[PDB]
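Here is the structure we will look at.
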Amino acid sequence: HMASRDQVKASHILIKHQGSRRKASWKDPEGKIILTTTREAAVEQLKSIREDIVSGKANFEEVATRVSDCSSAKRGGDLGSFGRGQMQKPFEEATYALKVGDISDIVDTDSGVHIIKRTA
């Protein structure tokens with residue numbers, strides 16, 4: 001029930017980096033942590049990922065299934081809709097601030113680093 005629009009629908013992806021636990025709660029060999037994308041580097045890896053996804057109508061879905069939040073890997077497509085629920089200060093303000101085109105300016109939060117995309 002509502003008179004105008006409010007809730008925010010949207011899609012997104014997730015890269016791998018240091019984060020705040022291990023790598024991304026994915027199916028990997030616990031073996032031993034190795035040197036790879038890290039906090040800073042993460043933003044750098046996305047800096048070009050957003051750029052690449054920015055220029056060149058490359059793909060995204062299948063990518064959103066592999067390089068995406070474990071659950072998102074299953075839903076590499078998009079979230080769907082969520083006004084003041086789900087997401088939080090960063091992402092939400094991202095889909096609420098952008099609108100297809102810039103593809104969000106590096107979304108590092110929640111799990112690690114993501115990149116939103118609605119219409120396009």
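Letters for chains follow the order of the structure tokens (A, B, ...), residue numbers begin at 1 for each chain, and ligand numbers begin at 1 in the order shown.
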From a DSSP calculation on the backbone, collect every residue of chain A in strand (DSSP E) and output the set as a ChimeraX atom specification. /A:9-11,14-15,78-81,107-109,112-114
Can you write out the residues you just picked, keeping N, CA, C and O atoms, as a PDB file, in the first residue's frame?
ATOM      1  N   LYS A   9      14.676  -1.176  -5.520  1.00  0.00           N
ATOM      2  CA  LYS A   9      15.034  -2.497  -6.109  1.00  0.00           C
ATOM      3  C   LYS A   9      16.447  -2.388  -6.692  1.00  0.00           C
ATOM      4  O   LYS A   9      16.945  -1.297  -6.890  1.00  0.00           O
ATOM      5  N   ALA A  10      17.111  -3.477  -6.971  1.00  0.00           N
ATOM      6  CA  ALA A  10      18.493  -3.342  -7.538  1.00  0.00           C
ATOM      7  C   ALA A  10      19.218  -4.686  -7.634  1.00  0.00           C
ATOM      8  O   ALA A  10      18.824  -5.668  -7.038  1.00  0.00           O
ATOM      9  N   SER A  11      20.305  -4.714  -8.366  1.00  0.00           N
ATOM     10  CA  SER A  11      21.101  -5.966  -8.490  1.00  0.00           C
ATOM     11  C   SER A  11      22.533  -5.689  -8.038  1.00  0.00           C
ATOM     12  O   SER A  11      22.857  -4.577  -7.670  1.00  0.00           O
ATOM     13  N   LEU A  14      29.818  -9.366  -6.114  1.00  0.00           N
ATOM     14  CA  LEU A  14      30.779  -9.270  -4.967  1.00  0.00           C
ATOM     15  C   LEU A  14      32.151  -9.822  -5.360  1.00  0.00           C
ATOM     16  O   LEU A  14      32.262 -10.892  -5.921  1.00  0.00           O
ATOM     17  N   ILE A  15      33.201  -9.109  -5.050  1.00  0.00           N
ATOM     18  CA  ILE A  15      34.565  -9.609  -5.389  1.00  0.00           C
ATOM     19  C   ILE A  15      35.198 -10.252  -4.144  1.00  0.00           C
ATOM     20  O   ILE A  15      34.633 -10.229  -3.069  1.00  0.00           O
ATOM     21  N   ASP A  78      19.913 -10.091  -9.241  1.00  0.00           N
ATOM     22  CA  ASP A  78      19.757  -8.913  -8.353  1.00  0.00           C
ATOM     23  C   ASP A  78      19.020  -9.271  -7.063  1.00  0.00           C
ATOM     24  O   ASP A  78      18.558 -10.379  -6.876  1.00  0.00           O
ATOM     25  N   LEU A  79      18.891  -8.315  -6.186  1.00  0.00           N
ATOM     26  CA  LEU A  79      18.163  -8.555  -4.912  1.00  0.00           C
ATOM     27  C   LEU A  79      16.666  -8.571  -5.215  1.00  0.00           C
ATOM     28  O   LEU A  79      15.971  -9.537  -4.979  1.00  0.00           O
ATOM     29  N   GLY A  80      16.185  -7.483  -5.742  1.00  0.00           N
ATOM     30  CA  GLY A  80      14.749  -7.361  -6.089  1.00  0.00           C
ATOM     31  C   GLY A  80      14.250  -6.033  -5.558  1.00  0.00           C
ATOM     32  O   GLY A  80      14.277  -5.036  -6.242  1.00  0.00           O
ATOM     33  N   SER A  81      13.811  -6.013  -4.335  1.00  0.00           N
ATOM     34  CA  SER A  81      13.309  -4.742  -3.748  1.00  0.00           C
ATOM     35  C   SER A  81      13.511  -4.714  -2.232  1.00  0.00           C
ATOM     36  O   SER A  81      13.365  -5.711  -1.551  1.00  0.00           O
ATOM     37  N   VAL A 107      31.374  -0.439  -4.168  1.00  0.00           N
ATOM     38  CA  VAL A 107      30.516  -0.720  -2.977  1.00  0.00           C
ATOM     39  C   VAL A 107      31.248  -1.661  -2.015  1.00  0.00           C
ATOM     40  O   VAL A 107      31.112  -2.866  -2.091  1.00  0.00           O
ATOM     41  N   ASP A 108      32.027  -1.127  -1.113  1.00  0.00           N
ATOM     42  CA  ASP A 108      32.763  -2.006  -0.157  1.00  0.00           C
ATOM     43  C   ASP A 108      32.050  -2.029   1.200  1.00  0.00           C
ATOM     44  O   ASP A 108      32.191  -1.127   2.000  1.00  0.00           O
ATOM     45  N   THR A 109      31.285  -3.054   1.464  1.00  0.00           N
ATOM     46  CA  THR A 109      30.568  -3.132   2.769  1.00  0.00           C
ATOM     47  C   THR A 109      29.837  -4.470   2.900  1.00  0.00           C
ATOM     48  O   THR A 109      30.016  -5.369   2.101  1.00  0.00           O
ATOM     49  N   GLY A 112      31.892  -7.557   1.543  1.00  0.00           N
ATOM     50  CA  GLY A 112      33.247  -7.059   1.169  1.00  0.00           C
ATOM     51  C   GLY A 112      33.111  -5.945   0.132  1.00  0.00           C
ATOM     52  O   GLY A 112      32.837  -4.809   0.462  1.00  0.00           O
ATOM     53  N   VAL A 113      33.298  -6.263  -1.119  1.00  0.00           N
ATOM     54  CA  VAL A 113      33.178  -5.227  -2.189  1.00  0.00           C
ATOM     55  C   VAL A 113      32.183  -5.690  -3.254  1.00  0.00           C
ATOM     56  O   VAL A 113      32.260  -6.795  -3.753  1.00  0.00           O
ATOM     57  N   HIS A 114      31.240  -4.853  -3.593  1.00  0.00           N
ATOM     58  CA  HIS A 114      30.227  -5.243  -4.614  1.00  0.00           C
ATOM     59  C   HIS A 114      30.079  -4.149  -5.679  1.00  0.00           C
ATOM     60  O   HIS A 114      30.752  -3.138  -5.654  1.00  0.00           O
TER      61      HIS A 114
END
Need the shell around residue 76 in chain A: protein/DNA/RNA residues with any atom at most 8 Å away, counting only C-alpha atoms. Skip same-chain ones fewer than 5 positions apart. Format as a ChimeraX atom specification? /A:11-13,61-66,68
Enumerate as a ChimeraX atom specification all residues of chain A assigned to alpha helix (DSSP H) by DSSP on the backbone, naming them with the chain letters and numbers the document uses. /A:39-54,61-66,70-74,90-97
Can those selected residues be exported to a file as a tab-separated table (two decimals), in the first residue's frame so that it contains N, CA, C and O atoms?
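Output (result_37.tsv):
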chain	number	residue	atom	x	y	z
A	39	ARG	N	42.03	-5.36	1.64
A	39	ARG	CA	41.18	-4.14	1.81
A	39	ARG	C	41.49	-3.13	0.71
A	39	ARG	O	40.76	-3.00	-0.25
A	40	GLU	N	42.57	-2.42	0.83
A	40	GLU	CA	42.93	-1.42	-0.22
A	40	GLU	C	42.85	-2.08	-1.60
A	40	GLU	O	42.01	-1.73	-2.41
A	41	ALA	N	43.71	-3.01	-1.88
A	41	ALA	CA	43.69	-3.69	-3.21
A	41	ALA	C	42.25	-3.96	-3.65
A	41	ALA	O	41.90	-3.77	-4.80
A	42	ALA	N	41.42	-4.40	-2.75
A	42	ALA	CA	40.00	-4.68	-3.12
A	42	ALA	C	39.42	-3.49	-3.89
A	42	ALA	O	38.93	-3.62	-4.99
A	43	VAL	N	39.49	-2.32	-3.31
A	43	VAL	CA	38.96	-1.12	-4.01
A	43	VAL	C	39.66	-0.97	-5.37
A	43	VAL	O	39.06	-0.56	-6.35
A	44	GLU	N	40.91	-1.31	-5.42
A	44	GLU	CA	41.66	-1.20	-6.71
A	44	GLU	C	41.11	-2.23	-7.69
A	44	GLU	O	40.87	-1.94	-8.85
A	45	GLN	N	40.90	-3.44	-7.24
A	45	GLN	CA	40.36	-4.49	-8.13
A	45	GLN	C	38.98	-4.06	-8.65
A	45	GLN	O	38.63	-4.28	-9.79
A	46	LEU	N	38.21	-3.42	-7.81
A	46	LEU	CA	36.87	-2.95	-8.25
A	46	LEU	C	37.02	-1.69	-9.10
A	46	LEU	O	36.30	-1.48	-10.06
A	47	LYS	N	37.96	-0.85	-8.77
A	47	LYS	CA	38.17	0.39	-9.57
A	47	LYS	C	38.20	0.04	-11.06
A	47	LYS	O	37.62	0.72	-11.88
A	48	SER	N	38.86	-1.03	-11.40
A	48	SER	CA	38.92	-1.45	-12.83
A	48	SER	C	37.70	-2.29	-13.18
A	48	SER	O	37.21	-2.28	-14.29
A	49	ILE	N	37.18	-3.03	-12.23
A	49	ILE	CA	35.98	-3.86	-12.52
A	49	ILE	C	34.81	-2.94	-12.86
A	49	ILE	O	34.10	-3.14	-13.83
A	50	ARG	N	34.63	-1.90	-12.09
A	50	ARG	CA	33.53	-0.94	-12.39
A	50	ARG	C	33.85	-0.26	-13.72
A	50	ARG	O	32.99	-0.05	-14.55
A	51	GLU	N	35.10	0.04	-13.93
A	51	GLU	CA	35.53	0.68	-15.21
A	51	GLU	C	35.24	-0.28	-16.35
A	51	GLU	O	34.56	0.03	-17.31
A	52	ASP	N	35.75	-1.47	-16.25
A	52	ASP	CA	35.50	-2.47	-17.32
A	52	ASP	C	33.99	-2.64	-17.48
A	52	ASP	O	33.45	-2.50	-18.56
A	53	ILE	N	33.29	-2.92	-16.41
A	53	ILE	CA	31.81	-3.06	-16.51
A	53	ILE	C	31.23	-1.73	-16.98
A	53	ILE	O	30.17	-1.67	-17.57
A	54	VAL	N	31.94	-0.66	-16.74
A	54	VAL	CA	31.46	0.68	-17.18
A	54	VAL	C	31.57	0.77	-18.71
A	54	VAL	O	30.59	0.98	-19.40
A	61	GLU	N	25.56	-11.20	-15.54
A	61	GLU	CA	24.82	-12.32	-14.88
A	61	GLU	C	25.79	-13.44	-14.47
A	61	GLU	O	26.20	-13.53	-13.33
A	62	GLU	N	26.14	-14.30	-15.39
A	62	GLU	CA	27.08	-15.42	-15.05
A	62	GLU	C	28.18	-14.93	-14.12
A	62	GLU	O	28.55	-15.60	-13.18
A	63	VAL	N	28.70	-13.75	-14.36
A	63	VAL	CA	29.76	-13.23	-13.46
A	63	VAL	C	29.17	-13.00	-12.07
A	63	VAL	O	29.76	-13.32	-11.06
A	64	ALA	N	27.99	-12.45	-12.03
A	64	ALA	CA	27.32	-12.20	-10.73
A	64	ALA	C	27.03	-13.52	-10.02
A	64	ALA	O	26.67	-13.56	-8.86
A	65	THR	N	27.18	-14.61	-10.72
A	65	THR	CA	26.91	-15.94	-10.09
A	65	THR	C	28.21	-16.51	-9.51
A	65	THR	O	28.20	-17.17	-8.49
A	66	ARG	N	29.32	-16.26	-10.15
A	66	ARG	CA	30.62	-16.79	-9.64
A	66	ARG	C	31.26	-15.78	-8.69
A	66	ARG	O	31.42	-16.02	-7.51
A	70	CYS	N	28.31	-15.52	-1.74
A	70	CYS	CA	27.90	-16.95	-1.79
A	70	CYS	C	26.42	-17.07	-2.14
A	70	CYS	O	26.04	-17.64	-3.15
A	71	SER	N	25.58	-16.50	-1.33
A	71	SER	CA	24.12	-16.54	-1.62
A	71	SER	C	23.89	-15.86	-2.97
A	71	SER	O	23.16	-16.34	-3.81
A	72	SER	N	24.53	-14.74	-3.17
A	72	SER	CA	24.38	-14.01	-4.46
A	72	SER	C	24.84	-14.90	-5.61
A	72	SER	O	24.24	-14.92	-6.66
A	73	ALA	N	25.89	-15.66	-5.43
A	73	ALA	CA	26.33	-16.55	-6.55
A	73	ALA	C	25.09	-17.30	-7.04
A	73	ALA	O	24.89	-17.49	-8.22
A	74	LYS	N	24.24	-17.67	-6.12
A	74	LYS	CA	22.98	-18.36	-6.50
A	74	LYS	C	22.03	-17.32	-7.10
A	74	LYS	O	21.24	-17.60	-7.98
A	90	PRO	N	25.67	2.05	3.50
A	90	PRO	CA	26.45	2.12	2.23
A	90	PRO	C	25.62	1.68	1.02
A	90	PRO	O	25.13	2.51	0.28
A	91	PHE	N	25.49	0.40	0.77
A	91	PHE	CA	24.72	-0.04	-0.43
A	91	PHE	C	23.45	0.78	-0.62
A	91	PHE	O	23.29	1.46	-1.61
A	92	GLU	N	22.52	0.68	0.29
A	92	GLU	CA	21.24	1.43	0.12
A	92	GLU	C	21.52	2.84	-0.40
A	92	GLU	O	21.04	3.23	-1.45
A	93	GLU	N	22.29	3.61	0.31
A	93	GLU	CA	22.60	4.99	-0.17
A	93	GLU	C	23.19	4.92	-1.58
A	93	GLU	O	23.16	5.88	-2.32
A	94	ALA	N	23.69	3.77	-1.95
A	94	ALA	CA	24.27	3.61	-3.32
A	94	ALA	C	23.15	3.51	-4.35
A	94	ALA	O	23.07	4.29	-5.28
A	95	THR	N	22.27	2.57	-4.18
A	95	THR	CA	21.15	2.41	-5.14
A	95	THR	C	20.21	3.61	-5.01
A	95	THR	O	19.54	4.00	-5.95
A	96	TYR	N	20.18	4.21	-3.85
A	96	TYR	CA	19.30	5.40	-3.66
A	96	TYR	C	19.99	6.63	-4.23
A	96	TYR	O	19.36	7.63	-4.53
A	97	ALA	N	21.28	6.58	-4.37
A	97	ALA	CA	22.04	7.74	-4.91
A	97	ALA	C	22.27	7.61	-6.42
A	97	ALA	O	22.15	8.58	-7.16
